[PDB]
Protein chains: 4
Amino acid sequence: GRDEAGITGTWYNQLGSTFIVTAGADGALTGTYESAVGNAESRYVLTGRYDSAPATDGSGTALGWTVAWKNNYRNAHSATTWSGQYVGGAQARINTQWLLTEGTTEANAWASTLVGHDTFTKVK
Amino acid sequence: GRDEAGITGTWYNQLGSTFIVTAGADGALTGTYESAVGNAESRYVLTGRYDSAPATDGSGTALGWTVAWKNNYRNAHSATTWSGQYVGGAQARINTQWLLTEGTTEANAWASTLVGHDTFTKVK
Amino acid sequence: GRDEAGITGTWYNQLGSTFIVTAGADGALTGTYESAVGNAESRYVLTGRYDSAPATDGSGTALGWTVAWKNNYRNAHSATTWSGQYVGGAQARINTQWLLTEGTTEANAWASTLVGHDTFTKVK
Amino acid sequence: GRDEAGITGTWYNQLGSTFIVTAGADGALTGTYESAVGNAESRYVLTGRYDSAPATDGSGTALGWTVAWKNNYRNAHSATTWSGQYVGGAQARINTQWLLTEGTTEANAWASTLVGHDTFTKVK
């Protein structure tokens, strides 16, 4: 992948969360997520995809991943998906928007989904 | 997984797209996505996660998945993440919201991300 | 406005909420909103804007409005904005997506905003 | 309103856009928006609402507003709604998420809505 080397490794967001990812040559993302906030402790499995052959015109690299908030410690009956782009260079960044859906009854489904934005850096 | 059997198989959304998924006992989602609309043709790899031990109180099952819109035919330099819940029973449904990010330059990044909502059924 | 007549009146969404709006020739939307769900009772003031000179090519009419969830009965310390399009004709519809932000502390601001989608019809 | 004085005035976002607002004692927001990016020039009318009696516990003040992107110069057949909270003090901020819907045909409605996030400050 063009940004395989650039994406693979440890990232930190503005909340102090830790995103540990391996980018496969084939577009795969695999790793672990540790949230600094919410109904979470320790690492959770993540999986996703990225564009392994991005535009060569200075565009970012599109990518996304999911965490289901179940591990050996806790179950928050919820999943977050991050959707965004990798921007390479001296201060490389992953700029995301995310959707967090909780399991709800049908009557409460209007209130099921939070939306926010996370920015990941290699330092922090 | 509680809904492993319920989730695994072929789903269709309101646009006529086809979502082919296997739910692993361990929370994994793997499969293929075929979009009826946009800069896409044929199937794309998807991966995600779901809550393999949901609440037993009538709540849905939280889940999410990603598609990077690169395959052997086309590259739309973009990724969609669906975040939502599986609702079991006679008319089982996956109710989602999604974020579609395109690779952009830094100057165009304000305009990088579409948001929408898809509902998947076993028929259609 | 092209859709001034079409927009003005009483709308109902999929939750059974009631949206009472007047469209001004100048792009103004004014009226009241009554939610069937959440920390709400009776009517709340709404204001917004719409495109009073839409495309004549079969496109919908872009529009949006806000409700702050404070009235003489209750204060949910929150605001919803609906963003979407009016689609005219036999089964006229307002198709929206919405953002509901609650006042939070800085530490809880990651969890401040819900996202969803409402479809309004003239019947229901 | 508790934050009437705090909200009223000129704000600037991270794109260099200018948001000129008056907060009414009654929860009204009125003013003008000038975008630094997109299919826009000069000022556009905005209207919205805010919580005129927020929590006294250090929570932000919920608020929202709409711009329809039609003025005497241009018509982008679109509307943006910002939903977020005012945070008072030395570096006062309005933290928002926004939905931008364009008028579309029914076949293109899946692609109608952008989502992003703007942070407004009194300086810039």
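As recorded in the PDB entry, chain A goes by the name Streptavidin, listed as coming from Streptomyces avidinii. Under the UniProt heading Function, the entry covering chain A gives this text: "The biological function of streptavidin is not known. Forms a strong non-covalent specific complex with biotin (one molecule of biotin per subunit of streptavidin)." Here chain A is described in UniProt, under the heading Subunit, as follows: "Homotetramer."

Draft legend 1. Geometry of the environment of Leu29 of chain A. Residue and element names in this part refer to chain A. Structurally, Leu29 can be placed in strand β3 (residues 28–34). In this structure, the C-alpha to C-alpha distance between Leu29 and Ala5, residues 24 residues apart in sequence, is 12 Å. Once residues lying within four places of it in the same chain are set aside, the contact partners of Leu29 are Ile7, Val21, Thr22, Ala23, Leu46, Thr47, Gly48, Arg49, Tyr50, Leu63 and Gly64.

Draft legend 2. Examining the pattern of salt bridges more closely. Residue and element names in this part refer to chain A. As enumerated under the stated definition, the model contains 8 salt bridges over all chains in all. When the shortest N-O distance is used, the salt bridge between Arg74 and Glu41 registers 2.8 Å. With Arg74 in the loop between β5 (61–70) and β6 (75–87) and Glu41 in the loop between β3 and β4 (44–50), this residue pair connects regions lying 33 residues apart in the sequence.

Draft legend 3. Region of the structure containing the relation of the copies chain D and chain C. The two copies are related by a screw motion: chain D maps onto chain C through a turn of 180 degrees and a shift of 0.0 Å along the axis, at an RMSD of 0.0 Å. Read as a symmetry element, the transformation amounts to a two-fold axis. Of all interface residues in chain D, 100% are interface residues in chain C too; the two copies therefore contact each other through one and the same surface.

Draft legend 4. Examining the pairing of β4 of chain A more closely. Residue and element names in this part refer to chain A. Of all 7 residues in β4, 6 are buried, a share of seventy percent or more. Here 6 bridges tie β3 to β4, and the two strands are oriented antiparallel to one another. In the strand pairing of β4, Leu29 is matched with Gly48. As paired strands, β4 and β5 are joined by 5 bridges and run antiparallel to one another. Bridge pairing links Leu46 to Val67 in β5.

Draft legend 5. Molecular detail of the packing of aromatic side chains. Inspection of every chain in the model, using the stated rule, returns 44 aromatic pairs over all chains. Ring geometry for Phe19 of chain A against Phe120 of chain A: centres 5.4 Å apart, planes inclined by 55 degrees, an arrangement best described as tilted. Of the two residues, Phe19 of chain A sits in strand β2 (residues 18–23) while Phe120 of chain A sits in strand β9 (residues 119–121), which places them 101 residues apart along the sequence. Judged on exposure class, the residue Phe19 of chain A and its partner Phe120 of chain A are both buried. A centroid spacing of 5.0 Å and a plane angle of 70 degrees characterise the contact between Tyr44 of chain B and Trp69 of chain B, whose relative ring orientation is edge-to-face.

Draft legend 6. Layout of the relation of the copies chain B and chain A. Mapping chain B onto chain A calls for a rotation angle of 180 degrees and an axial translation of 0.0 Å; the resulting RMSD is 0.0 Å. When the interface residues of chain B are mapped onto chain A, 100% of them are again interface residues, pointing to one common binding face.

Draft legend 7. The arrangement of the interface of chain B and chain A in detail. Counting from both sides, the interface comprises 45 residues of chain B and, opposite them, 45 residues of chain A. A buried area of about 3,100 Å², summed over both sides, lies between chain B and chain A, and 59% of it is on carbon and sulfur atoms. Remark: the boundary between chain B and chain A carries 0 salt bridges. Where chain B touches chain A, the interface holds 22 residue pairs in polar contact.

Draft legend 8. Expanded view of the pairing of strand β8 (residues 113–116) of chain D. Residue and element names in this part refer to chain D. Residues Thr113 and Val115 point to one face of β8 and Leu114 and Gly116 to the other, with burial holding for every one of them. Summarising the sheet, strand β7 (residues 93–102) and β8 pair through 4 bridges and their orientation is antiparallel. Residue pairing across strands places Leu99 opposite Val115, the latter belonging to β8.

Draft legend 9. Just the UniProt feature "binding site: biotin" in chain A, in detail. All names here are of chain A. The positions UniProt marks with the feature "binding site: biotin" are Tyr33, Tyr44, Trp82, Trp98 and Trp110. Across 78 residues, the annotated set is spatially dispersed, with a maximum C-alpha separation of 27.1 Å. Examined against the element boundaries, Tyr33 turns out to sit in strand β3. Taking the relative accessible area as the measure of exposure, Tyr33 reaches 2% and is therefore buried. A polar atom in the side chain of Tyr33 sits 3.2 Å from the side chain of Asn13. Note on placement: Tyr44 falls in strand β4.

Draft legend 10. How the structure looks around the interface of chain D and chain C. At the junction of the two partners, chain D supplies 45 residues and chain C supplies 45 residues. Of the roughly 3,100 Å² buried between chain D and chain C, counting both surfaces, carbon and sulfur atoms make up 59%. Viewed at the interface, chain C and chain D are joined by 0 salt bridges. Taken together, the connections running from chain D to chain C amount to 22 residue pairs in polar contact. Residue assignment for the side of chain D that touches chain C shows that the elements contributing at least two residues are β4 (44–50), β5 (61–70), β6 (75–87) and β7 of chain D. Looking at which element gives the most residues to the side of chain D that touches chain C, the answer is β6 of chain D, with 10 residues.

Rules used in this analysis
- Residues numbered from 1 in each chain as written, not as in the entry; some residues may be left out.
- Chains lettered and ligands numbered in written order.
- Heavy atoms only, no water.
- UniProt positions renumbered as here; feature names shortened; annotations may be inferred.
- Helix = DSSP H or I, 4+ residues; strand = E, 2+ residues; numbered from the N terminus.
- Contact = heavy atoms within 4.5 Å.
- Salt bridge = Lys/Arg side-chain N within 4 Å of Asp/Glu carboxyl O.
- Least-squares fit on C-alpha atoms.
- Buried < 20%, exposed > 50% of the residue type's maximum accessible area, 1.4 Å probe, protein only.
- Pairing = 2+ DSSP bridges.
- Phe/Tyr/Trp six-rings, centres within 6.5 Å; stacked < 30°, edge-to-face > 60°.
- Buried area = accessible area lost by both parts, 1.4 Å probe.
- Polar contact = N/O pair within 3.5 Å; in protein donor to acceptor, adjacent residues only side chain to side chain.

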